[PDB]
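Source file: coords32.cif. Holds: mmCIF, C-alpha atoms and all ligand atoms; chains and numbers go by the auth columns.
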data_model
#
loop_
_atom_site.group_PDB
_atom_site.id
_atom_site.type_symbol
_atom_site.label_atom_id
_atom_site.label_comp_id
_atom_site.label_asym_id
_atom_site.label_seq_id
_atom_site.Cartn_x
_atom_site.Cartn_y
_atom_site.Cartn_z
_atom_site.B_iso_or_equiv
_atom_site.auth_seq_id
_atom_site.auth_asym_id
ATOM 1 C CA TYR A 1 14.278 0.198 9.769 0.00 863 G
ATOM 2 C CA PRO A 2 11.975 1.873 7.152 0.00 864 G
ATOM 3 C CA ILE A 3 11.911 0.561 3.586 0.00 865 G
ATOM 4 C CA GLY A 4 12.256 2.608 0.336 0.00 866 G
ATOM 5 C CA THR A 5 11.381 -0.270 -1.946 0.00 867 G
ATOM 6 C CA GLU A 6 9.346 -3.463 -2.097 0.00 868 G
ATOM 7 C CA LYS A 7 11.203 -6.750 -1.368 0.00 869 G
ATOM 8 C CA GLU A 8 9.964 -9.772 -3.378 0.00 870 G
ATOM 9 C CA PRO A 9 8.277 -12.187 -2.615 0.00 871 G
ATOM 10 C CA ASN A 10 5.694 -9.863 -1.035 0.00 872 G
ATOM 11 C CA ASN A 11 2.725 -11.717 -2.583 0.00 873 G
ATOM 12 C CA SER A 12 0.778 -12.089 0.682 0.00 874 G
ATOM 13 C CA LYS A 13 0.205 -10.180 3.938 0.00 875 G
ATOM 14 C CA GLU A 14 2.544 -12.651 5.723 0.00 876 G
ATOM 15 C CA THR A 15 5.277 -11.630 3.322 0.00 877 G
ATOM 16 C CA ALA A 16 4.359 -7.885 3.063 0.00 878 G
ATOM 17 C CA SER A 17 7.281 -5.404 2.671 0.00 879 G
ATOM 18 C CA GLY A 18 7.577 -2.840 5.421 0.00 880 G
ATOM 19 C CA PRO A 19 7.402 -0.880 7.485 0.00 881 G
ATOM 20 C CA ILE A 20 6.480 2.163 5.390 0.00 882 G
ATOM 21 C CA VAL A 21 6.853 5.547 7.104 0.00 883 G
ATOM 22 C CA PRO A 22 5.825 9.140 6.213 0.00 884 G
ATOM 23 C CA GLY A 23 8.523 11.122 4.322 0.00 885 G
ATOM 24 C CA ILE A 24 10.197 8.084 2.773 0.00 886 G
ATOM 25 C CA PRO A 25 8.693 7.172 -0.656 0.00 887 G
ATOM 26 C CA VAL A 26 8.490 3.474 -1.506 0.00 888 G
ATOM 27 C CA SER A 27 9.201 2.287 -5.072 0.00 889 G
ATOM 28 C CA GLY A 28 8.020 -0.905 -6.678 0.00 890 G
ATOM 29 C CA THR A 29 6.697 -2.360 -9.852 0.00 891 G
ATOM 30 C CA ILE A 30 3.551 -4.415 -10.492 0.00 892 G
ATOM 31 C CA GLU A 31 5.271 -6.902 -12.914 0.00 893 G
ATOM 32 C CA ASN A 32 2.107 -8.045 -14.619 0.00 894 G
ATOM 33 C CA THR A 33 -1.446 -8.806 -13.270 0.00 895 G
ATOM 34 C CA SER A 34 -0.195 -11.951 -11.446 0.00 896 G
ATOM 35 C CA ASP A 35 2.052 -9.824 -9.250 0.00 897 G
ATOM 36 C CA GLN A 36 0.343 -8.971 -5.920 0.00 898 G
ATOM 37 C CA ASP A 37 2.252 -6.374 -3.813 0.00 899 G
ATOM 38 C CA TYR A 38 1.634 -6.254 -0.045 0.00 900 G
ATOM 39 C CA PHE A 39 3.081 -3.667 2.312 0.00 901 G
ATOM 40 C CA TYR A 40 2.630 -2.860 5.977 0.00 902 G
ATOM 41 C CA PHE A 41 2.948 0.113 8.238 0.00 903 G
ATOM 42 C CA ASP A 42 2.425 0.600 11.978 0.00 904 G
ATOM 43 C CA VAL A 43 0.058 3.028 13.605 0.00 905 G
ATOM 44 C CA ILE A 44 1.458 3.921 17.041 0.00 906 G
ATOM 45 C CA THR A 45 -1.139 6.589 18.038 0.00 907 G
ATOM 46 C CA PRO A 46 -4.688 7.163 16.761 0.00 908 G
ATOM 47 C CA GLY A 47 -4.869 9.487 13.829 0.00 909 G
ATOM 48 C CA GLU A 48 -5.658 10.102 10.193 0.00 910 G
ATOM 49 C CA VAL A 49 -3.559 8.139 7.672 0.00 911 G
ATOM 50 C CA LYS A 50 -3.252 9.207 4.014 0.00 912 G
ATOM 51 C CA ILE A 51 -2.001 7.010 1.175 0.00 913 G
ATOM 52 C CA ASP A 52 -0.994 8.127 -2.358 0.00 914 G
ATOM 53 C CA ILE A 53 0.249 5.702 -4.875 0.00 915 G
ATOM 54 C CA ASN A 54 1.571 7.296 -8.061 0.00 916 G
ATOM 55 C CA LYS A 55 0.987 5.070 -11.064 0.00 917 G
ATOM 56 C CA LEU A 56 4.113 5.312 -13.126 0.00 918 G
ATOM 57 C CA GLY A 57 2.913 3.043 -15.985 0.00 919 G
ATOM 58 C CA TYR A 58 -0.360 2.390 -17.866 0.00 920 G
ATOM 59 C CA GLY A 59 -2.923 -0.055 -16.581 0.00 921 G
ATOM 60 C CA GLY A 60 -5.729 -0.487 -14.054 0.00 922 G
ATOM 61 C CA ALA A 61 -4.533 -0.900 -10.499 0.00 923 G
ATOM 62 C CA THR A 62 -6.034 -0.209 -7.100 0.00 924 G
ATOM 63 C CA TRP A 63 -5.332 -0.827 -3.439 0.00 925 G
ATOM 64 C CA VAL A 64 -7.116 -1.788 -0.259 0.00 926 G
ATOM 65 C CA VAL A 65 -5.873 -1.265 3.340 0.00 927 G
ATOM 66 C CA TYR A 66 -6.503 -3.977 5.969 0.00 928 G
ATOM 67 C CA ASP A 67 -6.179 -3.942 9.725 0.00 929 G
ATOM 68 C CA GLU A 68 -4.755 -6.895 11.652 0.00 930 G
ATOM 69 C CA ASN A 69 -8.102 -8.650 11.662 0.00 931 G
ATOM 70 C CA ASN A 70 -8.575 -8.662 7.890 0.00 932 G
ATOM 71 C CA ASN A 71 -11.111 -5.779 7.939 0.00 933 G
ATOM 72 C CA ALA A 72 -10.830 -3.279 5.087 0.00 934 G
ATOM 73 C CA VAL A 73 -10.440 0.220 6.483 0.00 935 G
ATOM 74 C CA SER A 74 -9.735 2.043 3.242 0.00 936 G
ATOM 75 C CA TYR A 75 -10.129 1.575 -0.545 0.00 937 G
ATOM 76 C CA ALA A 76 -8.310 3.542 -3.269 0.00 938 G
ATOM 77 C CA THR A 77 -9.824 6.294 -5.400 0.00 939 G
ATOM 78 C CA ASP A 78 -8.190 6.598 -8.877 0.00 940 G
ATOM 79 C CA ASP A 79 -7.801 10.252 -10.098 0.00 941 G
ATOM 80 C CA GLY A 80 -6.256 9.048 -13.372 0.00 942 G
ATOM 81 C CA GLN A 81 -2.642 9.024 -12.107 0.00 943 G
ATOM 82 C CA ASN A 82 -2.765 8.547 -8.369 0.00 944 G
ATOM 83 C CA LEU A 83 -4.537 5.988 -6.244 0.00 945 G
ATOM 84 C CA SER A 84 -5.404 7.838 -3.080 0.00 946 G
ATOM 85 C CA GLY A 85 -7.426 7.559 0.086 0.00 947 G
ATOM 86 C CA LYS A 86 -7.312 8.146 3.807 0.00 948 G
ATOM 87 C CA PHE A 87 -8.875 6.742 6.931 0.00 949 G
ATOM 88 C CA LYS A 88 -9.070 7.260 10.663 0.00 950 G
ATOM 89 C CA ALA A 89 -7.067 4.698 12.608 0.00 951 G
ATOM 90 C CA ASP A 90 -8.903 4.535 15.950 0.00 952 G
ATOM 91 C CA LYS A 91 -6.547 1.852 17.281 0.00 953 G
ATOM 92 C CA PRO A 92 -2.800 1.361 17.173 0.00 954 G
ATOM 93 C CA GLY A 93 -1.646 -1.710 15.261 0.00 955 G
ATOM 94 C CA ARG A 94 -0.145 -2.973 11.976 0.00 956 G
ATOM 95 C CA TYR A 95 -1.971 -2.140 8.767 0.00 957 G
ATOM 96 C CA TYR A 96 -1.412 -3.791 5.339 0.00 958 G
ATOM 97 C CA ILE A 97 -1.755 -2.269 1.886 0.00 959 G
ATOM 98 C CA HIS A 98 -2.782 -4.696 -0.763 0.00 960 G
ATOM 99 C CA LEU A 99 -1.762 -3.362 -4.150 0.00 961 G
ATOM 100 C CA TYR A 100 -2.586 -5.114 -7.423 0.00 962 G
ATOM 101 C CA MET A 101 -3.303 -4.522 -11.128 0.00 963 G
ATOM 102 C CA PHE A 102 -6.662 -5.861 -12.319 0.00 964 G
ATOM 103 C CA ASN A 103 -5.873 -5.062 -15.954 0.00 965 G
ATOM 104 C CA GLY A 104 -2.460 -4.038 -17.259 0.00 966 G
ATOM 105 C CA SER A 105 0.872 -5.197 -18.524 0.00 967 G
ATOM 106 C CA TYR A 106 3.587 -3.473 -16.470 0.00 968 G
ATOM 107 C CA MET A 107 3.298 -0.846 -13.717 0.00 969 G
ATOM 108 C CA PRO A 108 5.963 1.025 -11.790 0.00 970 G
ATOM 109 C CA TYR A 109 4.690 3.016 -8.858 0.00 971 G
ATOM 110 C CA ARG A 110 5.662 5.018 -5.853 0.00 972 G
ATOM 111 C CA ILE A 111 3.952 4.872 -2.438 0.00 973 G
ATOM 112 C CA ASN A 112 3.781 7.958 -0.188 0.00 974 G
ATOM 113 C CA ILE A 113 2.075 7.703 3.266 0.00 975 G
ATOM 114 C CA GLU A 114 1.161 10.705 5.566 0.00 976 G
ATOM 115 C CA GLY A 115 -0.230 11.214 9.054 0.00 977 G
ATOM 116 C CA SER A 116 -0.246 9.222 12.228 0.00 978 G
ATOM 117 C CA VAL A 117 2.348 6.565 11.181 0.00 979 G
HETATM 118 CA CA CA B . 4.684 -8.986 -5.509 0.00 1001 Q
#
Can you dump the structure from the file as structure tokens?
Amino acid sequence: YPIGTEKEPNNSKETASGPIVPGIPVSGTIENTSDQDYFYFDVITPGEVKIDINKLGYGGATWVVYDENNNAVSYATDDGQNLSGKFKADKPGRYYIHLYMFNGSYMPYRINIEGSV
């Protein structure tokens, strides 16, 4: 049952919205800097995973991806308008995207994921 949008409250990993799957963009909004948005997706077979989050408002935001054991496997690179990055998932399991805004008022966004998901 893939999602197309975040589902509040999703302010922790235990309440993360998901799963996210390739080919189905996910919409949300960072409401203000106190809004933390967590998502999850499942890796079923080893492979490269790519994440692109289009920033559809002004502000500083970024994301980190965690594995099930709270290790960070991937951090965002800002190109100005997209927060992107990729990693090699050596092991199947659930991964979590932690998205937040460190400095901004209001940010819509759109998550796209590609690869072995
Ligand atoms: Ca949230």
Just the residues within 10 Å of residue 934 of chain G, please, counting all atoms listed in the file, with nothing from its chain fewer than 4 positions along; format it as number ranges by chain. G: 926-930, 957-959
Would you save the residues of that selection, restricted to C-alpha atoms, as a PDB file, in the frame of the given file?
ATOM      1  CA  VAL G 926      -7.116  -1.788  -0.259  1.00  0.00           C
ATOM      2  CA  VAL G 927      -5.873  -1.265   3.340  1.00  0.00           C
ATOM      3  CA  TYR G 928      -6.503  -3.977   5.969  1.00  0.00           C
ATOM      4  CA  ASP G 929      -6.179  -3.942   9.725  1.00  0.00           C
ATOM      5  CA  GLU G 930      -4.755  -6.895  11.652  1.00  0.00           C
ATOM      6  CA  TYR G 957      -1.971  -2.140   8.767  1.00  0.00           C
ATOM      7  CA  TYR G 958      -1.412  -3.791   5.339  1.00  0.00           C
ATOM      8  CA  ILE G 959      -1.755  -2.269   1.886  1.00  0.00           C
TER       9      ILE G 959
END
As a list in words, please: every protein or nucleic acid residue near ligand CA 1001 (chain Q) (cut-off 7 Å, counting only C-alpha atoms and all ligand atoms). residues 870, 871, 872, 873, 892, 897, 898, 899 and 900 of chain G
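Using the PyMOL selection byres (((chain G and resi 884-890) around 8) and not hetatm) on this structure selects residues 864, 865, 866, 867, 868, 882, 883, 891, 892, 970, 971, 972, 973, 974, 975, 976, 977 and 979 of chain G.
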Expansion of the PyMOL selection byres (((chain G and resi 879) around 7) and not hetatm) into residues, as a list in words: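 Taken over the shown coordinates, the PyMOL selection byres (((chain G and resi 879) around 7) and not hetatm) returns residues 868, 869, 872, 877, 878, 880, 881, 900, 901 and 902 of chain G.
Nearest residue to residue 940 of chain G among G:894, G:916, G:907, G:978 is G:916, counting only C-alpha atoms.
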Record the distance separating atom CA of residue 969 of chain G and atom CA of residue 911 of chain G, expressed in Å with one decimal.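 For atom CA of residue 969 of chain G relative to atom CA of residue 911 of chain G, the distance reads 24.2 Å.
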Picked residues, the PyMOL selection byres (((chain G and resi 950) around 10) and not hetatm), as a PDB file with C-alpha atoms, in the frame of the given file:
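For reference, part-v2.pdb as written:
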ATOM      1  CA  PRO G 908      -4.688   7.163  16.761  1.00  0.00           C
ATOM      2  CA  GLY G 909      -4.869   9.487  13.829  1.00  0.00           C
ATOM      3  CA  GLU G 910      -5.658  10.102  10.193  1.00  0.00           C
ATOM      4  CA  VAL G 911      -3.559   8.139   7.672  1.00  0.00           C
ATOM      5  CA  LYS G 912      -3.252   9.207   4.014  1.00  0.00           C
ATOM      6  CA  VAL G 935     -10.440   0.220   6.483  1.00  0.00           C
ATOM      7  CA  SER G 936      -9.735   2.043   3.242  1.00  0.00           C
ATOM      8  CA  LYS G 948      -7.312   8.146   3.807  1.00  0.00           C
ATOM      9  CA  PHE G 949      -8.875   6.742   6.931  1.00  0.00           C
ATOM     10  CA  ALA G 951      -7.067   4.698  12.608  1.00  0.00           C
ATOM     11  CA  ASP G 952      -8.903   4.535  15.950  1.00  0.00           C
ATOM     12  CA  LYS G 953      -6.547   1.852  17.281  1.00  0.00           C
ATOM     13  CA  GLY G 977      -0.230  11.214   9.054  1.00  0.00           C
ATOM     14  CA  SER G 978      -0.246   9.222  12.228  1.00  0.00           C
TER      15      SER G 978
END
